[PDB]
Amino acid sequence: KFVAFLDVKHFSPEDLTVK
């Protein structure tokens with residue numbers, strides 16, 4: 001969840017891991 005390094009973007013199509 002929240003994988004965009006934006007910390008303000010709901011979800012992302014480039015999810016790699018839990019991070």
# chains A, B, ... in the order shown; residues from 1 in each chain; ligands from 1
$ residues_around --residues "residue 4 (chain A)" --least-positions-apart "3" --cutoff "8 Å" --atoms "only C-alpha atoms" --output "ChimeraX atom specification"
/A:7,9,11-12,14-15
